[PDB]
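All remarks here apply to the structure that follows.
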Amino acid sequence: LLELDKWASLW
Amino acid sequence: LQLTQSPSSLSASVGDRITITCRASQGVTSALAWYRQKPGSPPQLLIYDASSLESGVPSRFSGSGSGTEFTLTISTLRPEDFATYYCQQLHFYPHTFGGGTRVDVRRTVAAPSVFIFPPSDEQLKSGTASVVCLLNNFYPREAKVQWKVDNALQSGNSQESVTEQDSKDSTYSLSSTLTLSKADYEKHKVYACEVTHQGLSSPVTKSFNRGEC
Amino acid sequence: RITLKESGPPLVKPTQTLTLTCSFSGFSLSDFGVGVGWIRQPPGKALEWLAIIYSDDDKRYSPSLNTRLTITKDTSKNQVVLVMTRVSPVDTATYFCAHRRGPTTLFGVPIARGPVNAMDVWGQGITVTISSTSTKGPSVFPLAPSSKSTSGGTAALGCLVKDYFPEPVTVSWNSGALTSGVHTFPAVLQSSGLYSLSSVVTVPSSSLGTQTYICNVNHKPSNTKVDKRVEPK
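Respectively, the protein sequence lines represent chains P, L and H. Start counting the first sequence at 660; every next residue gets the next number (the entry's author numbering). Start counting the second sequence at 2; every next residue gets the next number (the entry's author numbering). Going letter by letter, the third sequence gives residues 1 to 35, 35A to 35B, 36 to 82, 82A to 82C, 83 to 100, 100A to 100N, 101 to 214 in the entry's author numbering.
Structure, rendered in structure tokens:
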């Protein structure tokens, strides 16, 4: 389970 | 996750259109960049967000893909484009790079000339031995070299070195060096390196019998 | 506009701690979302990502290297620092710092992700070598022309330059008279912690009896110069 990048959840 | 880049190496000439691709173990949306690295230089950004041209980057570069398959494309190869190319993913930590794709000048396939050099007596006196195998002026860059001593395959006691592609004849050269203690060297008779390359019909063996005069 | 420069020690000993600094201009680390990262390239190898720090002091490290890596920043000084504990010879590389853009913001709110997905600008790189060894001059041995080294009308001869530290070593043939057909290979760092290289040239075998070939080796680091005459087996 890789950590998502800082902005992975930004449009 | 891992980033797999294809091909590892490709040959091209000026004005060529080439295409490098990158596959990811998992979906990384569009968080994919491409870099060009000239020898001795730091990488330089070409494409970000998978398809966006970096301000200041020649229009000949272009990128495409989302999810897991990505492709960089140069439409008209220029001289300064003979370089190595990398992709990076920035969707997950850690930000993985690909393995690289070397892009060299294309030329006529040329089989390596193969030479072997026994250790010198000078060196032997010192107490070590080094047997050198030269592969000279070949193309393309892919070469496999094996060492056999009395038919025993030598694994992990030799080191290879390769020149940069020659600016005139556009070939490579490769050295392989087997290193043994004097003692070990003296227990054996037959020293052989075997060479496999695209321009050889069959693998070439170059050998000598130790202490033969 | 944006410039980054790495600074640090060229040589570090094993088990020691390596501290590297990025000094930048053209951006500020108080810019929103801006990051600074570190990447390394081992000699002859691909790039490896090491760490990143953001303007909010958010930081992330490579999992394989996490334990040994610390990243810190000083916004006022325009500097970022990477610390690596417990170095070992694996860690010999060229180390780069790079800038990562923050998101598109309109009036202070982020509206687009896209610019973030690259490291835009990189520093020139700083090369660090981890060795325990001490300055030493090379031994030069002849690679001598022979039947085993003759193909058609052409022969190969060369010098093997063995066991020296540090880089680099410069090699010439015949006092500079012979340049054509010469290949000097890049050095390999051996298990010793000591470098080795070889220089070879290909020549007419007609000339072997007649002509004399000498290799000139200079290792400025240890003030060692050698002239080695190479002749047939």
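C-beta: ideal position from N, C-alpha, C; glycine also.
Within the segment 80-139 of chain L, the runs of beta strand (DSSP E) that reach at least 3 residues and sit entirely inside it are, in chain order, 85-90, 102-106, 114-118, 129-139. Counted as a single uninterrupted DSSP element, the stretch harbouring residue 173 of chain H is not any alpha helix (DSSP H), since DSSP gives it neither H nor E. Secondary structure note for residue 183 of chain L: its alpha helix (DSSP H) is the uninterrupted segment 183-187. Taking C-beta separations shorter than 7 Å and ignoring five residues to either side along the sequence, the partners of residue 26 of chain H in its chain run 1, 2, 3, following chain order. When Cβ-Cβ separations below 9 Å define contact, residue 669 of chain P makes contact with chain H. The beta carbon of residue 165 of chain H sits closer than 9 Å to some beta carbon of chain L.
Residues of chain L whose Cβ lies closer than 9 Å to the Cβ of residue 129 of chain H are, in chain order, 116, 117, 118, 119, 207, 208, 209. Of the residues assessed, residue 122 of chain H falls on the buried side of the cut-off, its CB having 16 or more other CB atoms within 10 angstroms. Residue pairing by DSSP places residue 77 of chain H opposite H:23, H:72 in a beta bridge.
Residue-level contact by beta carbon holds for residue 58 of chain H and chain L, with a gap shorter than 9 Å.
At a cut-off of 9 Å between C-beta atoms, residue 98 of chain L does not count as an interface residue with respect to chain P. Annotation: residue 193 of chain H has no Cβ neighbours in chain L at a cutoff of 8 Å; minimum Cβ distance is about 17 Å. Three or more beta-carbon pairs separated by less than 8 Å link the segment 105-122 of chain L to the segment 132-151 of chain L, which places the two stretches in contact. Proximity of residue 91 of chain H to chain L, defined by a Cβ-Cβ separation below 9 Å, is satisfied. Residue 12 of chain L: member of the beta strand (DSSP E) spanning 10-13, first to last residue. Residues of chain P whose Cβ lies closer than 8 Å to the Cβ of residue 100H of chain H are, in chain order, 666, 669, 670. Here residue 198 of chain L is not bridged, per DSSP, to any residue. The continuous beta strand (DSSP E) containing residue 35B of chain H extends over residues 35-39. A distance below 9 Å separates the beta carbons of residue 136 of chain L and residue 114 of chain L. In the displayed model, residue 167 of chain H falls within coil according to three-state DSSP, outside both helix and strand. In this structure the segment 186-200 of chain H lies against the segment 150-157 of chain H, because at least three pairs of beta carbons, one per stretch, are closer than 8 Å.
In this structure, DSSP gives residue 189 of chain H a helical state, which the three-state scheme calls helix. Residues are counted here when their Cβ sits less than 7 Å from a Cβ of chain P; for the segment 58-89 of chain L the count is zero. Less than 9 Å separates the beta-carbon of residue 116 of chain H from that of residue 147 of chain H. Ranked by how close their Cα comes to the Cα of residue 22 of chain H, the residues H:88, H:93, H:43 have H:93 in first place.
Straight across, the Cα-Cα distance linking residue 72 of chain H with residue 78 of chain H is about 6 Å. At a cut-off of 9 Å between C-beta atoms, residue 91 of chain L counts as an interface residue with respect to chain P. Taking the Cα of residue 172 of chain H as reference, the smallest distance to any Cα among H:181, H:144, H:193 is reached at H:144.
Of L:10, L:45, L:29, L:26, the smallest CA-CA separation from residue 106 of chain H is found for L:45. When C-alpha distances from residue 6 of chain H are compared across L:43, L:20, L:5, L:95, the shortest belongs to L:43.
Taking 9 Å as the cut-off, the beta carbon of residue 32 of chain L is found closer than this to the beta carbon of residue 100L of chain H.
Around the beta carbon of residue 196 of chain L, 16 or more other beta carbons lie within 10 angstroms, which makes this residue buried.
Close to residue 169 of chain H, with beta-carbon spacing below 7 Å, are these residues of chain L in chain order: 160, 162.
Put simply, the segment 166-183 of chain H touches the segment 168-185 of chain L. At least three CB pairs are less than 8 Å apart.
Counting along the chain, residue 16 of chain H sits inside no beta strand (DSSP E), nor does DSSP assign it H or E at all.
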